[PDB]
Asker: 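Take this structure, written in structure tokens, and hold onto it; I'll ask about it next.
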There are 4 protein chains.
Amino acid sequence: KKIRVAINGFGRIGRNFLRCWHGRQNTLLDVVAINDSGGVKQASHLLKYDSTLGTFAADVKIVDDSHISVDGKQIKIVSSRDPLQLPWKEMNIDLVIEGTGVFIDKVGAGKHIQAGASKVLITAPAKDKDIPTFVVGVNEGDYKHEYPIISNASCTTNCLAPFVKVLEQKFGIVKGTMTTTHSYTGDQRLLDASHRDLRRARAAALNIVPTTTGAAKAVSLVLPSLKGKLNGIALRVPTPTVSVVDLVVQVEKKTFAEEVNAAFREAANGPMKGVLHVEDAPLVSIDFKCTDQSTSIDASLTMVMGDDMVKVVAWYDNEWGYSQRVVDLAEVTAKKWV
Amino acid sequence: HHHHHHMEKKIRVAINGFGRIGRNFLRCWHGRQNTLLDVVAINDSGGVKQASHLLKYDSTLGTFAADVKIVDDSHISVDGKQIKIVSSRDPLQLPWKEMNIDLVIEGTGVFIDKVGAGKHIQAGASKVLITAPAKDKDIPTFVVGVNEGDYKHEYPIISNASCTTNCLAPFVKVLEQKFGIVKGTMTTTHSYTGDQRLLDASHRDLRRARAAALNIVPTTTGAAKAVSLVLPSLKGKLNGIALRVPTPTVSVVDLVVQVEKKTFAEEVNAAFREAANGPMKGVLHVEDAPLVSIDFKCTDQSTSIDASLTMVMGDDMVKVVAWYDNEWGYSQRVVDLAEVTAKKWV
Amino acid sequence: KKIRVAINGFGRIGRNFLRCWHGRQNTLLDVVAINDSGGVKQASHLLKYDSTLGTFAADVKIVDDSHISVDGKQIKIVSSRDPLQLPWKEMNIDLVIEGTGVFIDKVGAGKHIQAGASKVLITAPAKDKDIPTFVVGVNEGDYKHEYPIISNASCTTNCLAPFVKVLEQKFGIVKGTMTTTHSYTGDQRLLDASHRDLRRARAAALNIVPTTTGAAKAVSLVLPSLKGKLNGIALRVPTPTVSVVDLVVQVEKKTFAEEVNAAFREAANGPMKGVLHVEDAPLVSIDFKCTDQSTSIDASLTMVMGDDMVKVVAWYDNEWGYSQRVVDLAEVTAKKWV
Amino acid sequence: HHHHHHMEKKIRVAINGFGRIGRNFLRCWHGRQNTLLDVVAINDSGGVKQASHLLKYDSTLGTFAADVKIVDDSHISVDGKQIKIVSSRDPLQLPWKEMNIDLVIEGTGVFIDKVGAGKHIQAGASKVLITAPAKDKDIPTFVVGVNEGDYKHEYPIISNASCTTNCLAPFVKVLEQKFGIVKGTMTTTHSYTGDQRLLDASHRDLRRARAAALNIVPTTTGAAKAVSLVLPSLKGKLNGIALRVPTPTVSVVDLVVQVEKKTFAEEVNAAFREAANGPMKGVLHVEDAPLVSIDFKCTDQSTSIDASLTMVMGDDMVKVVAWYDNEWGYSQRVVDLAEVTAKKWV
Ligand SMILES: NC(=O)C1=CN([C@@H]2O[C@H](COP(=O)(O)OP(=O)(O)OC[C@H]3O[C@@H](n4cnc5c(N)ncnc54)[C@H](OP(=O)(O)O)[C@@H]3O)[C@@H](O)[C@H]2O)C=CC1
Ligand SMILES: NC(=O)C1=CN([C@@H]2O[C@H](COP(=O)(O)OP(=O)(O)OC[C@H]3O[C@@H](n4cnc5c(N)ncnc54)[C@H](OP(=O)(O)O)[C@@H]3O)[C@@H](O)[C@H]2O)C=CC1
Ligand SMILES: NC(=O)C1=CN([C@@H]2O[C@H](COP(=O)(O)OP(=O)(O)OC[C@H]3O[C@@H](n4cnc5c(N)ncnc54)[C@H](OP(=O)(O)O)[C@@H]3O)[C@@H](O)[C@H]2O)C=CC1
Ligand SMILES: NC(=O)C1=CN([C@@H]2O[C@H](COP(=O)(O)OP(=O)(O)OC[C@H]3O[C@@H](n4cnc5c(N)ncnc54)[C@H](OP(=O)(O)O)[C@@H]3O)[C@@H](O)[C@H]2O)C=CC1
């Protein structure tokens with residue numbers, strides 16, 4: 001009943017994924033392989049020690065030049081930058097977690113399947129429009145085992161789509177805009193240096209850095225009713241994890257702050273429990289670190305102007321919360337496996 | 001003889017509260033090629049040692065190129081010009097009558113109502129300019145480039161509003177003039193300030209209590225409602241919040257307004273460039289380069305529109321992103337408002 | 001057998017102390033009161049949420065206008081800035097934890113005893129030379145219940161004294177100097193602003209800030225053989241917790257790095273277990289956050305030049321590690337109580 | 001005629017690697033009132049768009065006051081002076097012979113041995129100056145103010161050492177001259193650099209792999225041993241470590257040496273002031289004000305002794321604390337060493 005999982009790209013998301021999976025009380029996933037350069041010494045070290053996750057409580061050991069163990073469970077470590085040379089056939093790999101960011105299209109991602117894997121889950125927006133995209137709590141019931149390659153979307157779309165779905169259900173969105181005030185990521189430079197994006201080129205811990213986001217338009221992938229309704233931008237700021245979405249939408253049904261928050265609470269207590277949370281305490285970004293939910297509505301910041309302009313402020317741990325959804329989506333593929 | 005040359009006379013200025021705004025104000029004023037302002041006194045608890053040191057060395061502004069010296073025990077000099085340093089927590093005890101002080105720059109954040117700011121006038125000064133929103137609703141508020149032409153010498157106590165309101169009101173004025181505003185909301189992603197705690201510690205605001213360089217910290221702002229004090233057609237139309245982030249200066253306003261006239265991003269930016277090239281030159285700027293927050297440090301304008309970020313959704317929802325150096329840019333406006341009072345003096 | 005404890009000054013150390021005490025498996029301490037301004041709402045909120053400690057797992061509730069509860073145990077909250085008005089007599093206060101920093105002399109600290117307390121433990125260097133000073137792992141066996149006012153010294157002395165004691169035992173110190181590269185503290189300003197010390201006046205998160213330290217000379221209080229042998233300075237850097245001591249000493253007995261590290265390991269495995277730790281992994285400051293030990297020797301950084309110049313690099317969580325020693329010292333007073 | 005005026009001729013310079021040091025070097029050179037250097041080429045993968053943008057806008061240095069323009073598709077201009085932008089990862093393909101390049105500034109951190117740096121000479125250049133320690137032990141190393149008088153035109157490949165060695169060696173030279181060094185150790189509390197990771201990520205050095213703006217990060221340094229390359233009497237006498245901390249520039253060396261002659265803090269500082277006022281003017285500075293790291297940004301000297309921190313324990317253990325802007329100060333020395341090669345050319 002368990003499925004055999006391989007992680008491709010042991011970066012922030014790959015390592016978050018493992019630690020999220022290892023913390024699961026009950027799981028249908030058996031992680032047997034990690035493809036990554038740097039090898040057993042980097043993989044074991046960076047899995048154990050983490051500047052934002054903290055020290056992993058599990059026993060992490062280097063078994064030999066191609067294996068690590070986590071609390072005694074051995075994991076093969078491989079190290080090939082080109083996917084076509086991966087031993088997924090020999091290792092009977094069921095599902096590949098694609099966390100490199102590099103192979104996000106059918107040609108790139110499909111290479112895992114050629115080398116033996118049956119299914120690929122991309123931890124990022126797909127470049128191709130023919131790769132289905134899912135957000136747990138929104139449209140994961142639409143997933144079918146017949147899909148060989150799937151996308152769990154971006155961390156920002158996973159924050160936005162759950163509370164946008166509630167807004168569309170209760171009040172109806174006409175159009176809107178969003179800004180995510182977002183922790184810096186590994187894509188940005190530490191000091192001013194080469195980058196395709198001249199804003200991301202600038203020292204990340206010193207600056208507020210505007211950058212494009214696809215998340216506002218990507219919401220229409222999991223909520224078709226949102227097509228063309230939203231746009232937005234990102235502001236990268238000098239924090240290492242936890243981000244916040246600032247959404248302003250014009251709604252169909254005139255309303256007020258407590259009625260909007262009531263809708264979120266109803267979803268949080270029912271169909272979106274564990275995915276959407278409504279926070280009533282006056283907190284700051286660090287308080288939402290390592291929260292399992294995709295979205296935490298900051299209830300006291302909800303604002304309605306002129307009856308139909310609604311402003312919602314939503315916290316999300318863009319690393320840990322997203323990785324829990326990657327685990328949730330992988331567990332869906334396992335429970336649907338034929 | 002035939003005639004004398006025209007002589008605009010200089011008003012005598014005292015700075016009360018030699019903090020970030022107080023010291024920014026001094027450096028902004030000292031850099032002006034022309035001024036009608038003669039800064040003759042500073043009220044700092046720390047005496048000449050603190051005042052000279054913190055004026056010279058600045059972690060945000062960098063080192064002051066001017067020659068700063070301790071002349072004696074109650075005076076410093078800036079490029080040879082001496083300034084008296086007084087040290088009184090109570091404005092009633094300040095020697096303004098003795099020093100013939102015309103205008104007081106209130107930068108303590110404490111004497112922000114008629115009673116408190118009025119103590120300077122009881123002490124001998126003629127006029128008080130509060131570098132903050134006034135707590136008193138009958139205290140007139142001005143934003144240069146927006147409504148400073150409504151200033152009158154007969155106002156003894158005036159407010160230069162908040163730094164966020166000074167960024168917001170200029171480009172909101174253009175939006176209201178050209179397209180008309182129905183309603184709107186904003187968020188300012190704002191550098192941390194001295195009101196925030198370095199490590200989690202006591203604060204009336206439980207979010208401002210949290211470590212400022214570690215967190216995104218939501219806090220209230222009156223700046224969106226305050227716009228209506230300088231643009232009365234906007235009463236009840238704007239609200240917003242602030243998000244304090246771990247940078248030491250420069251902030252950015254993100255405004256979303258529903259407008260009456262359907263428009264598009266290039267038409268909105270064209271309206272800003274029109275204002276920037278004409279009536280709002282030096283106050284409002286339109287930036288075309290792909291810059292980040294640090295690039296707007298020590299910029300003299302109140303507002304820098306990030307033109308590439310302008311968005312319009314569904315014809316009448318306009319999103320505008322505007323940078324502002326909340327310390328230097330605001331302080332240049334404090335100098336400008338003080339110059340208005342000098343030009344219209346008596 | 002338990003003693004009744006009051007905490008004066010619910011700041012970083014006061015709140016760290018409570019959370020350290022609440023985590024103790026077995027304790028002789030019963031914390032019944034906290035004297036502090038801001039009252040139940042600040043005290044409950046800042047006890048629950050913490051930017052470096054993280055969220056307190058215990059249930060923290062506001063019972064009424066003068067009480068909070070931690071997992072159901074009620075704690076009276078009082079709020080008087082002058083110690084003389086404290087109800088320690090009425091509350092039968094045995095021991096006061098002095099964490100304000102303001103009352104560090106017999107006149108200041110003794111005011112607690114006048115108002116009813118029997119003993120005062122200062123969480124800082126004493127201003128007076130007649131107030132005995134103790135460092136757990138070094139000279140806590142010299143404490144006597146007859147001492148009404150005691151000092152647990154500074155966080156830097158608690159890092160330095162344990163491994164300095166080993167160095168003096170094994171090799172003999174002639175003279176030395178230390179620099180602590182230290183996280184910023186609440187004494188520093190966030191932005192350039194008024195301060196008695198014009199260096200501490202400067203923006204703390206932007207700067208390397210030199211400042212004086214008494215810790216090098218304070219070591220002679222708990223190790224008399226060190227009198228006049230050490231001096232040093234502090235460099236405050238833009239991290240919120242965890243610091244590192246860089247000690248260079250000339251020693252009597254010529255030696256080498258592995259022999260110096262062997263001495264530390266012997267103490268760490270024996271008489272200084274739980275106080276001194278020798279770290280063999282290549283770690284960074286965040287990895288030592290919330291470590292219970294006073295001192296973590298970074299073994300691979302130990303260096304010996306010219307046979308008798310020894311350089312030792314020691315990590316310490318200046319908040320959590322120090323607070324565990326404050327708890328350890330308080331537990332000593334309880335076990336010695338007559 | 002009687003005579004011609006004396007004409008020191010300018011050598012033609014190419015910058016390879018337009019990073020922090022490459023761009024600092026350009027801005028340092030452009031600010032010189034006199035120079036024998038004519039920078040005619042830059043090798044940047046990013047083409048004119050990147051080069052012009054990152055030269056103009058700098059999060060550490062601030063905005064470049066000079067006029068920076070894209071002239072065409074292979075040239076930028078700086079105050080009207082054009083500079084060719086080439087884009088070749090392989091130095092063997094660079095057009096140095098075609099461009100008559102005399103000297104190449106190697107600031108890639110890659111071509112640091114005779115083979116790699118020698119590729120520029122195969123490509124047509126005459127001499128290579130590595131802005132880093134040379135991996136090759138026969139590559140001569142120079143520190144201005146210490147041993148640049150031993151430089152010879154007949155060296156085709158030279159090293160300007162590391163930024164820490166440039167801070168250390170000047171004030172170590174004074175200590176050795178006046179008191180004599182037995183042995184010593186140091187720690188540099190150092191700003192983070194581009195070799196460190198923003199978030200925990202892959203790195204050969206498991207400590208440099210850790211998030212740079214969040215941590216105190218110990219790392220190895222050859223700078224203490226490297227002093228012996230420019231001061232041979234110091235061979236085997238110094239070692240040390242580095243502690244990377246969350247600041248973006250400016251670093252501080254903390255040196256503890258046992259000396260032969262018993263001394264005291266004022267006598268040590270007097271020795272530094274002697275050097276600072278005479279043979280090491282412009283290289284070594286003695287700071288008396290109580291400053292912090294940011295105050296030493298964009299200081300041209302290699303070393304600033306924090307005089308109040310000088311300590312002597314037990315007569316012969318001297319502790320010295322010295323500030324250095326590891327980007328700007330070092331780059332001014334790169335310009336200085338390049339000027340030495342120009343002055344002694346052929
Ligand atoms: N960080 C976040 O907040 C989130 C990011 N994501 C997505 O997750 C993905 C990774 O982001 P993140 O993990 O943050 O960035 P990281 O750089 O931290 O992870 C990247 C990892 O991929 C590895 N890698 C790169 N190329 C290859 C290759 N050819 N073969 C094998 N391994 C390779 C890198 O190893 P090396 O260092 O050796 O190149 C690195 O360990 C991206 O698609 C990103 O958009 C989505 C949601 C959350
Ligand atoms: N910083 C910003 O971005 C902007 C702030 N403002 C406003 O400007 C004002 C100051 O802000 P800022 O300068 O940033 O904060 P600061 O704390 O840096 O300035 C405060 C100064 O006031 C002094 N002070 C306080 N009380 C008294 C008193 N009773 N008598 C004399 N001096 C006193 C303080 O001295 P001590 O330290 O000795 O108490 C300190 O130097 C506030 O009203 C703020 O809202 C507006 C726009 C921009
Ligand atoms: N932080 C560290 O790393 C360590 C610090 N220490 C020592 O611990 C002590 C506290 O340091 P820290 O806790 O960091 O600084 P904090 O400011 O965080 O703690 C100070 C607390 O004392 C309270 N306080 C101040 N005056 C009074 C008063 N008159 N009556 C009652 N409560 C008062 C403050 O409340 P309000 O905010 O209302 O004034 C604040 O909560 C100092 O002596 C320090 O030297 C020693 C080792 C570790
Ligand atoms: N930063 C400091 O404090 C100091 C550093 N140094 C030394 O200076 C050198 C550079 O340091 P720094 O400038 O800080 O690091 P940077 O990475 O900022 O400079 C590196 C530059 O080299 C370019 N580059 C890399 N490989 C090549 C190549 N094969 N061909 C052409 N260009 C290339 C990079 O471009 P891309 O980004 O496109 O790869 C980048 O622009 C290093 O040797 C360093 O040790 C010495 C003293 C001071």
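Each ligand, and each atom within it, is numbered from 1 in the order the structure gives. Any value given below was found using the heavy atoms of this structure, including those in side chains, with hydrogens, waters and symmetry copies removed. Proteins get letters first, then strands, A, B, ... in listed order; numbering begins at 1 in each.
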Asker: Are the charged groups of D:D205 and D:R210 less than 4.0 angstrom apart, N to O?
Answerer: no

Asker: For A:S323, give me all partners under side chain to side chain contact (heavy atoms under 4.5 Å, CB included), at least two apart in sequence or on another chain.
Answerer: A:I13, A:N16, A:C20

Asker: Among all residues two or more places apart in sequence or in another chain, which pass the side chain to side chain contact (heavy atoms under 4.5 Å, CB included) test with C:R196?
Answerer: C:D187, C:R200

Asker: Would you tabulate the polar-atom pairs, meaning N/O of ligand 2 against N/O of the protein, with distances under 3.5 Å, reported to 0.1 Å?
Answerer:
from, atom 1, to, atom 2, distance (Å)
ligand 2, 3 (O), B:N326, ND2, 2.9
ligand 2, 8 (O), B:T131, O, 3.3
ligand 2, 13 (O), B:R20, N, 3.1
ligand 2, 13 (O), B:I21, N, 3.1
ligand 2, 18 (O), B:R20, N, 3.1
ligand 2, 29 (N), B:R89, O, 3.4
ligand 2, 37 (O), C:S194, OG, 2.6
ligand 2, 38 (O), B:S45, OG, 2.9
ligand 2, 38 (O), C:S194, OG, 2.9
ligand 2, 41 (O), B:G19, N, 3.4

Asker: Of A:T156, A:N318, A:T185, A:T180, which is the lone residue that meets side chain to side chain donor-acceptor pair (under 3.5 Å) with A:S243?
Answerer: A:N318

Asker: Sequence neighbours left out, what passes side chain to side chain contact (heavy atoms under 4.5 Å, CB included) with A:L47? Give chain and number order.
Answerer: A:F10, A:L18, A:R19, A:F56, A:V60, A:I68, A:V70

Asker: May I ask you to decide whether D:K297 forms a salt bridge with D:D325, counting only side-chain N to carboxylate O separations under 4.0 Å?
Answerer: no

